[PDB]
Every structure is written in C-alpha cells, then in structure tokens.
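Residue numbers (the deposited numbering), protein chains in the order written: chain L, 559 to 612; chain A, 6 to 41, 62 to 127; chain K, 1 to 100; chain N, 1 to 437, 445 to 485; chain J, 1 to 162. Cβ coordinates follow ideal geometry from the N, Cα and C atoms, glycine included.
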Amino acid sequence: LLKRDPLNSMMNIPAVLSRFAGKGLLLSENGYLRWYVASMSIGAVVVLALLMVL
Amino acid sequence: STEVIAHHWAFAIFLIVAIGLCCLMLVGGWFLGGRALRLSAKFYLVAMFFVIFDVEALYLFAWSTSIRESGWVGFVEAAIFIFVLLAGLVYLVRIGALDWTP
Amino acid sequence: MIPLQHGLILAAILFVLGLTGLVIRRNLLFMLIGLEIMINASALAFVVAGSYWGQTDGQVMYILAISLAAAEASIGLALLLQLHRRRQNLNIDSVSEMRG
Amino acid sequence: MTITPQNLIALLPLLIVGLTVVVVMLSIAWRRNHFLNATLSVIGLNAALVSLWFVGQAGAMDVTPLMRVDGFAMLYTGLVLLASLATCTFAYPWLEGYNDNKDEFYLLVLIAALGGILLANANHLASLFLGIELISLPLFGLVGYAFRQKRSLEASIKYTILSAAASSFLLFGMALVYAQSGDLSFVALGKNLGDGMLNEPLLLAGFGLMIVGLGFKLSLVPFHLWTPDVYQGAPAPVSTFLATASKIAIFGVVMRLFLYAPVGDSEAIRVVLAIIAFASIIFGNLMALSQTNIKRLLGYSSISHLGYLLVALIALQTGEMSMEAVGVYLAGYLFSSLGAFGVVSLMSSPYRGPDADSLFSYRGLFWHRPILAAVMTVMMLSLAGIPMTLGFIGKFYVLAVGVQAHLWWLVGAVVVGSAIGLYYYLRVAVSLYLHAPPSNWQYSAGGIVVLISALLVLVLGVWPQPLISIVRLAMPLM
Amino acid sequence: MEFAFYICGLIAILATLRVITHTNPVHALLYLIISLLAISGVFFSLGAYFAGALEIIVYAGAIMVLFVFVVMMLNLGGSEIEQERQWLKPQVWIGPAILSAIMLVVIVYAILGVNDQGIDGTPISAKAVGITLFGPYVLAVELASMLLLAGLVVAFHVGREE
Ligand SMILES: CCCCCCCCCCCCCCCCCC(=O)OC[C@H](COP(=O)(O)OCCN)OC(=O)CCCCCCCCCCCCCCCCC
Ligand SMILES: CCCCCCCCCCCCCCCCCCCC
C-alpha cells in the first residue's frame, strides 16, 4: 500500500497546485491590446472600490 | 458694470449674426432657383512638425506677454528653450525631413 | 458661482467616455481618439481644480498635459501609419502574435 | 523659487544630460556617424555620473518648487545613469547590424535618462508627471526601433497605447488630488486634513488613479499583462533599459511620494498596496513557470521583484530602514537585470535583419560561450535570492523590513514566490549547462559590462557592507 | 457665466458620446472638434482664458489637424471599417459600458464628498501663466521642450516611408 510513498505525493501536491495556478493565470496573457486596456480599467475599478470601502 | 456687459452683448450679437448670415446664405442658395495614387509620408511629417513646433510656440506665447516680469532670468530660460528648438529645427533640416525636392 | 464638484463630474464623465471608446473599438484610430479624449478630460480636470483654488498651476498642468497629448498623438499616428503600411489594416485583434 | 548658481550646481546631471542631447543632435545634423554619436552619448552620461560628486559637495536642498536634490536623488540618479550607460554599451553591437539610422537610438536613450534623473530629483506632481512621460516616450521609440520586425512593431503599439492610457489615469488622479489638496507639492498632499480626516474620498480616489498609472509603470498586478509581450518584442538593449532604468526611477519617485505625503500612511492605501504587492509576487512567480522564452520569463521576474520592492515600500511609514532596504534591493536588482539582459543582448547582437528571428536559445550555451553562461547562471542565482549573491542581500532586507512591521502575509508571499522563482531560475541555469547540437571591442565592452556586473553581484553577496554603507549615506530630507 | 458652463459641458458630453459611437472617422473627428470647442468654452467660463485659447489653438487646431491628415492618408473608402459595426452589438459594448459606468459612479461618489466653496471665475490671464511658467515651473518648461523633441524624433523615425 505504501510502496509509492504517499507522503511524498502529499508534499508534491503544492507543486501541482502551483502548475495549475500558473496555467490558469497565463490565460490572461492572450496578447490582445483591448483586453489589456480592459484589465487596466477593471483594476482601476477594483482599486477605487477598495479605497472607498476602506 | 455696463460697458463690459455691453461689449459681451455686442460680441454675442456679432457671432450669432455672422453665423446666421452664412447659414441663411447657404439656405437661400439651396432653396432658390430651379432644379433639373499613393499618399506620400511627407505630408504626415510636415503636419507633425507643425504640431510639435506649435506646442513650443505656445510656450513662447506664454513667455512673451510677461517678459518684463520674468527679467533676465526668464530671458536666459527662454533662450535655452529657443536654442533647443532651433537645434531640433536644424536637425530636421539636415536629416532631410524638411527637404521636399529630391 | 460654479460648484467645483460639477466641473470635476464633467471631467470624470469625459474621462469615462474616452475610456469606453478606447476599450470597445477594434480600430486603432478610434483607440487613439479615445486616448485623446481621456487626456483632454484629465487636462480639463486640472484646469477646473486650478480655477477653484485661484492658482496658476492648473493651466500649467494643462499646458504640460496638452504637450503630452500632442507628442503621444504624433507617435501613435506614426505607429498607425506604419501598421497600415506593413499590414494594410488597422484591426488591433490581428496584432496579437505575442502571447502566453 | 529662483535659481542661484549653487542651485545650478545641484542641477548638474540634468544640465549635462540635456547638453548631451543637444550636442548629439547637432552632431547627427552634421554627419550621421554611429561611433562618434555613441561616444558623445556615453561621454555625456559619464560626465553626469562624475558630476554627481560635485552635486554631493553642494549639499541637500530644493531647486524649484519642483526639484529637491539630496543623497536619495544622487543615488537614484546614479542608478539611472549606470543603466543608461549599460544600455548604450549593449546597443552599439546590436545597432551595428541595423541597416537603417542608428543614432536616434542614442538620442532617445539620453532623453529617457533625463526623465529618470528628473524622477530621481522630483518633489512635485508636475515633475513626477513630466518625468514619467519623459521616460515613456523615448521608450515608445525604442521599443519599436526595429519597426520592420513584426513583434517589435506589435510591442511598440501595445506599449504606446497602454502607457498613454496609464498617463491619462495618472494625470486625472493628480488632478483630483490637486482639487482636494490645493497644492501640488508632495509634502502638501493631505496636509490640510487632520485628526482622523486623512481618508478623504477624493484624495483617496486621486491616489488610486495615480496608483493605477504608477502600477502600470511598475508592472504591478493587475497592470502587469503588457510586460512579457513588450519585453519580448522590444530590442534586447531596449529590454535592458526598460527593465532597469524605468522601474528604478519610477520606484524611486514613488518612494519619495509615499515618504513625503501626509496621506502616504493611510490605512486604506497601505492595504491596497499590500493586496497589489501580494498579487504581484504570487502572479509574477506563477506565470514564469512554463516560460520557454527568456524575455517573457524575465518580464514575470520583473513583476515579482517589483512586488518584493513594494513590500519594502509598505513598511516605509512604520519602519525606518525601508529606504535603505529599497536602495540595497534596487542596486542588486539593477546589477542582476543588467547582467541577464546583457547576456541576452550580446547573444542577439548584431541585429540579423527584420525578417529573421531574435531568439536567445539558452540551451547548451556553456559549450561555446562559457563566460556568458557563467554570467547568466550567476544572474539567475541572484534573481532567485540564493546566498552568495546580492539578490539574496536584497531579499534579506525585504524580509527583515517586513518582519519588523508585522506584515506577515507579505512575508509568506515572499517565501512562496521565492520558492517558485527557485524552480524556474534553476531550470534556466541547468538549461545553460546542458548539451546542444563579435570580433570587435564594443562587443568586448558589453562582455566586460556583464562580467563586472557578475563580479559585483558575487562580491557584494559575500560582502554587502560597502553597498549598505553607501546606501545609508544617501539619506533624503527628513 | 454659469449658463455658458452648463451648455458647453452638455455639448461636450453629447459630442463625445457621438464620437465614441460613430463609424465614419471623419464625422467622429468633426464631433471631436466640436467637443474640444465646447471644452474651450468651459475653460473660458471658468476664467482660464489661456487654457481655452490653447484648447482651440493646439488641441482643435493642431492635434485634430494631424488626425484629419492621417484619416485622409488612409484613403478610407470603406476599408474594413464601415462594413463591420461590431461595437454596436450589445455583447461587445454592454460589458465595457457597465465597467465604465461603475468607475464613473465610484469617481462621482468620491467627488461629491469634497468641500466646495464654488469657482469664482476670476480671469487668470496668460500673463500670470507666463510669470509662473518661467518662474517656479521653468525646469518643467525646459524638460517639456525635451519631451516634445523626444516625440518629434520618435515619430520621425517610425513614420518615414523609404
Ligand atoms: C510539513 C508541511 C508544513 C510546512 C511546510 C514548510 C515549507 C517548506 C518545506 C516544504 C516544501 C514543499 C515544496 C514542494 C515542491 C516540490 C517541487 C517539485 O517537485 O518540483 C519538481 C517538478 C518538476 O518535475 P516535473 O513534474 O517532471 O515537471 C513538470 C514540468 N516541468 O516541478 C514542477 O512540476 C513545478 C514546480 C513548481 C514550483 C515549485 C513548487 C512551489 C510550491 C510552493 C512552495 C512553498 C510551499 C509552502 C508550504 C506549503 C505546504 C507544504
Ligand atoms: C554560487 C554562485 C555562482 C558561482 C559560479 C557558478 C558557476 C560559474 C561557471 C564555472 C564553471 C562551470 C563549469 C561547468 C562544467 C560542467 C561539466 C558537466 C559534465 C557532465
């Protein structure tokens, strides 16, 4: 049951999550200028909303 | 006061009468009477040179109305500004950007 | 006689309209037009703020802002001409060769 | 404020760089000579760098309502001038293969250095805005200097559009701040408020829009998406300048803004910058995992390292060694990025035509370019924060500063992002040492520059006391 | 005086809204020039006489001339612009309009919570702008000349023909 070293896999889990999160974040780099402008405006909305909330 | 508001009324009347005059001139013209290559980049270059040197000219417009108040210090600053402007102009002339003939 | 918040609201409206025009238009020319609207709205806001305080710094910031507007318009239109020369179109979705 | 001749002594590097711009432009107008104009540009930059000593003899004071000169200004002027000199040195072998005009590059590098010096000495919103634009527009030219290349034209268009939008955001935010404050000086942003009324909504919104523009310029999340595309598309010396000098000058003026402003210690602004720094660290390390292109990898690296710097900036109002930490980290990151982008620039020089590739191909570099491979692996170890390198000294400073101010989320972010960085930097280094299937003194000068950067990183990693001593010596006006 | 401000501001907003939604570039630029004239009238209603003068001289008389010149040189006779009308589809513009309306709501909420004593509209002449421009703000003048030189060199290098 243990011959595949389960604790080693449990400690390899953060690398799997890091690879999946990096692949998910790389979808924002689609290379479209209009999306970059849109993301800048979205971040402006988020920053201003956070400043008004706090 | 009354003189400034009188001049404002006169200027407003001037603008509206001139605009209405041209508009009704076209209205009467349209209303009366019976009825039956490759664009070179030099034009963009000279237009952009006009834009840039017009902004530098705006700075000199601001300076020119207050020369006495700024003194010789303002004269030195404006001389540096004008020298940079003339160096840019000499550069544009010498690299052939302002030469139209081949 | 004119509230400061009214002039600032006008400038915010024009900035938001310029940003919307910059986002929703695929044509590079209308994106440059929206950029000009945004920077002119910011310059208008500086003029409003300077006229409220009675200071001359607002028109100075206007002058610097329109110097930036002139130079950025010059650079953007040169880039637009180069794109139209070497690709014969101005759709900005096609300029996406670098990604990931 | 008027200008005395001692104020002109404090104005010295700006004057020398401006006179260099004029002289180089007049020399181009005389005759297009690549070697003479490059020599004039580097002579002017060296003259400004050595005139920093005469500025230091003058003392710390204010030359204008706009400019304030002190040790802080001298330090970041020196960093900008070093980055500009390195950019010219890398640009000459790359420009030797450029069949079109070559000297406008040096003219634009000089103007961008002038903008960096203005941002170093800035004490005013007008000077901040003008320095940012004076940096940005020569970068519009330089990013697309090889506009016949498709990727370079793409990167130029993207950077021009996005930086114009960011400048509009910054300008509108400054206008709202000036509407609230009534003075554009850094020390008077929030001075009229008091007794818990610091979180005024218009002031906070203006600072938010300024933060949008600055975080575009600093490649901070979520204004980060341009960085790998622009870094990849730009010419390699342009990538060197854009990674080093622009980020250093803009972060210096942001440090001055958050140090002098009475609203810089606002809790809301601190929390917003903490969120931005956390996301910047994590995202810039996560997106560089699967990067097979060295330019995009270094772009995400820039995102993460600017996030670490932002962590050092958040603890500015609470701690006291934050300015020292930022100076040490900025020197380390300057030398690391100079070495890495210089190796990329040297292996991509000369410019082999607009219709061919501009790729680096880092695999098996040691078996034909061993010294460049050694420099590049030292740079990758330095960017990973590994000890015996100056990047570790910077990371240690950032962690000490964060621990001192109890910024525990940022400390955990630095640890996690450092581990992810370890993965991809080590992958690049072993790819350098795997197996794969010049001849002029300016290429030799570029190699000497990257080698001296590598030696500086190693020596100041095993002995960082001279750097700490010269950074603590650069105190601004308290 | 306030009537001039409100009328010119309304004209500027309406002309800008017509700019960002029009398909013909020439009509869009004409509406943009109208909006710039309206904003200049706003400047003249606030006492910033020099700002309005430069708004017509430079922004409406130099920059829009350059945009018009580029539109002429493109020879837009229906060159993949007029035929699409893709931005009028609600799936394209509804999202960004919602985002920009949220941003406008946040900015206006910030603006409405400021102390307002009103704008007196006292005319700040170009003499005062020239005094403060070549006094305290003169390094800004010299480095703005350098900025314009940078734009000149960049646009010449990019926009040649060869
Ligand atoms: C006792 C638990 C509580 C205390 C914890 C204290 C923290 C320190 C001690 C634990 C550290 C655990 C980190 C485990 C990392 C494993 C990395 C690894 O195995 O990398 C190898 C692997 C490359 O091999 P391969 O899978 O073939 O590649 C695929 C494509 N290259 O690489 C990959 O596939 C991609 C590698 C991505 C980057 C490395 C992973 C980083 C993950 C976050 C690091 C920080 C974790 C903090 C603690 C989390 C909980 C343990
Ligand atoms: C620890 C900081 C960096 C120190 C220097 C890193 C290495 C620099 C280059 C030294 C020479 C390396 C030689 C590698 C030979 C590999 C042979 C492999 C054979 C299978």
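Self-check item: 8 Å Cβ cut-off: residues of chain J touching residue 75(K)
Solution: Under the 8 Å cutoff, chain J gives 151, 154, 155 and 158.
Exercise. Taking residue 460(N) as the reference, give the member of 447(N), 485(N), 150(N) and 372(N) with the closest Cα.
Key: Measuring C-alpha to C-alpha distances from residue 460(N) to each of 447(N), 485(N), 150(N) and 372(N) identifies 372(N) as the nearest.
Quiz prompt | 8 Å Cβ cutoff met for residue 161(J) and residue 105(A) | solution = no
Quiz item: Do residue 381(N) and ligand 2 come close, with the Cβ less than 7 Å from some heavy atom?
Solution: Answer for residue 381(N): yes, Cβ within range of ligand 2.
Self-check item: Supposed contact pair residue 398(N) and residue 329(N) - C-beta distance, whole angstroms, cut 8 Å
Solution: That pair is a contact at about 6 Å.
Self-check item: Contact list for residue 122(A) against chain J, beta-carbon separation under 7 Å
Solution: 156
Quiz item: Is there contact here, the region 571-585 of chain L with the region 1-17 of chain K, by at least three beta-carbon pairs under 8 Å?
Solution: Under the 8 Å Cβ criterion, the region 571-585 of chain L does not count as touching the region 1-17 of chain K, having fewer than three qualifying pairs.
Exercise. Assuming residue 74(N) contacts residue 55(N) (C-beta within less than 8 Å), just tell me the rounded distance between them.
Key: Taking C-beta atoms under 8 Å as the contact rule, residue 74(N) and residue 55(N) qualify, at a distance of about 6 Å.
Exercise. Identify the contact partners of residue 600(L) in chain N, using a Cβ-Cβ distance below 9 Å as the criterion.
Key: 222
Exercise. Leaving aside the five residues before and after residue 44(J) along the sequence, list all residues of the same chain whose C-beta is less than 7 Å from its C-beta, in chain order.
Key: 52
Quiz item: On the three-state DSSP scale, how would you describe residue 119(A)?
Solution: helix
Quiz item: residue 70(J) and residue 140(N): beta carbons closer than 8 Å?
Solution: no
Practice problem: Go ahead and pull the three-state DSSP assignment for residue 68(N). | Solution: strand
Self-check item: Same chain, Cβ closer than 6 Å to residue 160(N), neighbours up to 5 away in sequence not counted
Solution: 140
Quiz prompt | 8 Å Cβ cutoff met for residue 343(N) and residue 407(N) | solution = no
Quiz item: So, do the region 220-236 of chain N and the region 295-307 of chain N have three or more beta carbon pairs nearer to each other than 8 Å?
Solution: Output reads yes: the region 295-307 of chain N touches the region 220-236 of chain N.
Quiz item: Got a sec: does ligand 2 put a non-hydrogen atom nearer than 7 Å to the Cβ of residue 457(N)?
Solution: The answer is no for residue 457(N).
Quiz item: Name the chain L residues that come within less than 7 Å of residue 226(N), Cβ to Cβ?
Solution: 594
Practice problem: Would you mind reading off the limits of the alpha helix (DSSP H) that contains residue 61(N)? | Solution: Unbroken run through residue 61(N) is the beta strand (DSSP E), 61-63; no alpha helix (DSSP H).
Quiz item: How many angstroms separate the CA atom of residue 97(N) from the CA atom of residue 113(A)?
Solution: The straight-line gap from Cα to Cα measures roughly 27 Å.
Self-check item: Coarse secondary structure for residue 219(N), derived from DSSP in three states
Solution: In this structure, residue 219(N) counts as coil in the three-state DSSP scheme.
Practice problem: Per DSSP, which residues does residue 185(N) bridge with? Please list them. | Solution: DSSP, once it has assigned bridges, lists 124(N) as partnering residue 185(N).
Exercise. Tell me, please, whether the region 72-84 of chain K touches the region 25-39 of chain K by the rule of three or more beta-carbon pairs shorter than 8 Å.
Key: yes
Quiz item: Going along the region 2-22 of chain K in order, which residues come within less than 7 Å of chain L, judged by CB to CB distance?
Solution: 19 and 22
Quiz item: Can you list, in chain order, the residues of the region 44-72 of chain K whose Cβ is nearer than 8 Å to any Cβ on chain A?
Solution: Taking 8 Å as the upper bound on Cβ-Cβ separation, chain A lies near residues 63, 66, 67, 70 and 71 of the region 44-72 of chain K.
Quiz item: DSSP on residue 48(J), reduced to helix/strand/coil?
Solution: Residue 48(J): strand per DSSP, three-state reduction.
Quiz prompt | Close beta carbons around residue 234(N), own chain, < 6 Å, minus the five adjacent residues each side | solution = Only 143 and 155 meet the Cβ criterion.
Quiz item: What did DSSP end up calling residue 91(K) once you bin it into helix, strand or coil?
Solution: Taken through DSSP and simplified to helix, strand or coil, residue 91(K) comes out as strand.
Self-check item: Below-8 Å beta-carbon distance, residue 116(A) vs any chain K residue
Solution: no
Exercise. Figure out for me which residue from 239(N), 305(N), 171(N) and 202(N) has the closest Cα to the Cα of residue 221(N).
Key: 305(N)
Quiz item: Cα-Cα, which of 582(L), 584(L) and 595(L) is closest to residue 213(N)?
Solution: 595(L)
Quiz item: Is there a Cβ from chain K that is less than 8 Å from the Cβ of residue 2(J)?
Solution: yes
Quiz prompt | Proximal residues, the region 71-98 of chain J versus chain L, C-beta separation under 9 Å | solution = 95 and 96
Quiz item: Can we say the region 97-105 of chain J touches the region 92-103 of chain A, given the rule of at least three CB pairs closer than 8 Å?
Solution: no
Quiz item: Do you know whose CA, among 231(N), 110(N) and 479(N), lies nearest residue 340(N)'s CA?
Solution: It is 231(N) whose Cα lies nearest to the Cα of residue 340(N).
Quiz item: Does residue 112(A) come within less than 8 Å of chain K when only Cβ atoms are used?
Solution: Contact of residue 112(A) with chain K is not assigned, every C-beta pair being separated by 8 Å or more.
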